[PDB]
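2 protein chains.
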Amino acid sequence: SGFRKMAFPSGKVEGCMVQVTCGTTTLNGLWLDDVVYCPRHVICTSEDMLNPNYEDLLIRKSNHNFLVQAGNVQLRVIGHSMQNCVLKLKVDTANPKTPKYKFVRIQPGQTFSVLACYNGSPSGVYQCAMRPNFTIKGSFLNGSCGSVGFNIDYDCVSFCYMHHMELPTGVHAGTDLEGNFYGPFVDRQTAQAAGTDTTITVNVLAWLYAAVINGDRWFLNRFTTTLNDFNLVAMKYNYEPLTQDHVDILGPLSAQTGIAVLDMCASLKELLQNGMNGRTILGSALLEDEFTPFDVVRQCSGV
Amino acid sequence: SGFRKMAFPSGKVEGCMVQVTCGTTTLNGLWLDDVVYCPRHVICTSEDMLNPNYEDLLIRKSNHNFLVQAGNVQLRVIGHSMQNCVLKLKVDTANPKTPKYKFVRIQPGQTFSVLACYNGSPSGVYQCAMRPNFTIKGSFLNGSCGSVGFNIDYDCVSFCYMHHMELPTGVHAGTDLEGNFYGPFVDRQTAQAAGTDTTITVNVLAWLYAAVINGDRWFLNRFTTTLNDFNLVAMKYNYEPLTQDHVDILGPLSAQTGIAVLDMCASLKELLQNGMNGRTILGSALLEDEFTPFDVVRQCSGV
Ligand SMILES: COc1ccc(/C=C/C(=O)N[C@H](C(=O)N[C@@H](CC(C)C)C(=O)N[C@H](C=O)C[C@@H]2CCCNC2=O)C(C)C)cc1
Ligand SMILES: COc1ccc(/C=C/C(=O)N[C@H](C(=O)N[C@@H](CC(C)C)C(=O)N[C@H](C=O)C[C@@H]2CCCNC2=O)C(C)C)cc1
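For the protein sequence lines, the chains are A and B, in the order given. In terms of the numbering used here, the first sequence is residues 1 to 303. In terms of the numbering used here, the second sequence is residues 1001 to 1303.
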């Protein structure tokens, strides 16, 4: 019993992290086979950051301009290319710690673990969600760029995020590992702001199911609702609409607890309209939306 | 910027986890050098759990009665001994992945990371505190025993917790790696309950400092307080007393923000007496007490 914000074990990703230095900018790289992937603004100075000309900056760089260290072992770069917002540094040694891996572009509302790194060395691991406005609420300082987000599917690490920038909201934006940004953002210091965020409704419902599984059931009421009636209330409280696909995804949790999805939706409607009146659910005074249904199943069933 | 409940990277501990099976009970073991450490109730059946005679159960076990697997590699046990509540299984191979390590007994109010495992394989990692009543609020299912808690100090893993039991509160109890329980608990199915928990005051104050560092400052008021006046209010709200040692530990955060500790204490006193009136601090509607001052410094300074 018990329910915690739980990250994937990070050892497979830890063996992939290296330090990339170009001139005076230093950030992290991801060393897979004989390629190092890292954010392309590693080739920038700060005068190259309000309107950087990346292609111009790159043509003036030769292979030796990139200092890549893995521990106290320097790796020699023997090739470089730019793909979208990411640099690919070909190195003369293949990483012996390379795990089985995939590059994935995740959808809004999905969660992943972040291994935060500085100078190529791990700092900590935590769990994030891709917000509906294509930001993430992370924890990143200067020098954390090149940190990656991932999921572990049995043996395979599915890399889905590489860190690039902070919006002055304290929220964070980045790319998939092909260098395509999540959301409308660009890798320049200009006036970009994220759209308004919304609450991930299917995730809140998964979390209420985790609550019931853990014995915190006070919020269950005697009522039911229709999907359309529920969505009309949710919308007023800035919740995303719940689709029938979402209902289907909650099937396993519904069957484990014997609570129909539309019955749990009636309980959530009452929580939205009435508040919690001082009470907590799973130790939280707010409704939580960064646990997917698969997250809940995995935690409440032992991987 | 940003602040998240962050766990230590778990790769060093992952290479140490194995599966220990004795008869029909299976749990996790910690393989360090040529010794496997695991909870001694691995030798129990359930009829041996209301009043187990561990020494009696153990004398009837021979080395071959312990099946230890590390991946799809079986390790041969060549010796066994019981130390307090933990079994030590001598094995004929030293773990090549053994990191530099220490066995530590932590104090109430300190935090650590838990690598939750089942059948010797990692499930997830999360951050816990040793509560003042010597429990932890974890996430453990059947088969998670032998999971360990740890801190990473630069290169050294300081193992401080091994998981043994769940109290029907949904809270968890265990031993240090010498097999001595934290708190008054014993490894039997009887009627044990933990003492009343209290809020870890120095940790709440560290978290308010993290809030200020991150730009969430609405709760700062114009006042100061004495240490004695503060402790009189805190006590009524089931907060532990703040000592001068605690004040000293907050020195670095106080100097970074320019807020005296006693000034931050006046702000916390007002939060305790008045509530938050709907507002959140760092996204929480409750005051958080599972970040130590070192936690906050480490996260807000990049390891
Ligand atoms: C007026 O409304 C505004 C709206 C948006 C912005 C800035 C977006 C921006 O420029 N973010 C910068 C950034 O992330 N730059 C990237 C690099 C550029 C080329 C995209 C970066 O520094 N990346 C860091 C290097 O690793 C990590 C950052 C910085 C440290 C703070 N936290 C982090 O994640 C911040 C430093 C302000 C400013 C004003
Ligand atoms: C009337 O007030 C009460 C007060 C306390 C208790 C029980 C304490 C207990 O017996 N806990 C058991 C336990 O943790 N047993 C240990 C082993 C014994 C020998 C100490 C165990 O099973 N350990 C599990 C094996 O790995 C992990 C447990 C179990 C699964 C649930 N979550 C967990 O962490 C629970 C299964 C109820 C009961 C009633």
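Positions of the beta carbon are idealized from the N, C-alpha and C atoms, including for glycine.
Using a 10 Å radius around the Cβ and a threshold of 16 neighbouring Cβ atoms, would you call residue i buried or exposed?
i       : result
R1076/B : exposed
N1133/B : buried
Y1154/B : exposed
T190/A  : exposed
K236/A  : exposed
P184/A  : exposed
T198/A  : buried
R1131/B : buried
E290/A  : buried
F1223/B : exposed
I152/A  : buried
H1064/B : exposed
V1073/B : exposed
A255/A  : exposed
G1120/B : buried
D176/A  : buried
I200/A  : buried
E14/A   : buried
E166/A  : buried
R1060/B : exposed
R105/A  : exposed
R1279/B : exposed
What is the C-beta distance between residue i and residue j, in whole angstroms, given that I count them as a contact (C-beta under 8 angstroms)?
i       : j       : result
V1202/B : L1227/B : Wrong, their Cβ atoms sit about 12 angstroms apart, outside the cutoff.
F219/A  : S267/A  : 5 angstroms
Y101/A  : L32/A   : 6 angstroms
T1292/B : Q1127/B : That pair is no contact at about 10 angstroms.
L89/A   : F66/A   : 6 angstroms
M17/A   : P96/A   : Not a contact, Cβ separation roughly 14 angstroms.
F150/A  : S158/A  : 6 angstroms
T1093/B : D1034/B : 7 angstroms
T45/A   : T21/A   : Between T21/A and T45/A the Cβ distance is about 13 angstroms, and since that is not below 8 angstroms, they are no contact.
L250/A  : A206/A  : 7 angstroms
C145/A  : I213/A  : 38 angstroms between Cβ atoms; not a contact.
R1188/B : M1049/B : 7 angstroms
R40/A   : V86/A   : 6 angstroms
So what does DSSP say about residue i, is it helix, strand or coil?
i       : result
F112/A  : strand
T1190/B : coil
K137/A  : coil
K1012/B : helix
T1175/B : strand
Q1107/B : coil
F1294/B : helix
Between which two residues does the beta strand (DSSP E) carrying residue i extend?
i       : result
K1269/B : Run containing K1269/B: none in the beta strand (DSSP E); it sits in the alpha helix (DSSP H), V1261 to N1274.
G1149/B : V1148 to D1153
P122/A  : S121 to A129
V18/A   : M17 to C22
What are the boundary residues of the alpha helix (DSSP H) that includes residue i?
i       : result
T257/A  : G251 to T257
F1159/B : Run containing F1159/B: none in the alpha helix (DSSP H); it sits in the beta strand (DSSP E), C1156 to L1167.
Exercise for the section: Would you list, in sequence order, the uninterrupted alpha helix (DSSP H) runs of no fewer than 4 residues that lie entirely inside the stretch 27-86 of chain A? Expected result: Complete alpha helix (DSSP H) runs here, min 4: 54-59.
Practice task
Enumerate, from N- to C-terminal direction, the unbroken alpha helix (DSSP H) stretches of 4 or more residues contained entirely within the stretch 1197-1248 of chain B.
Solution key: The stretch 1197-1248 of chain B contains these whole alpha helix (DSSP H) runs: 1201-1213 and 1227-1236.
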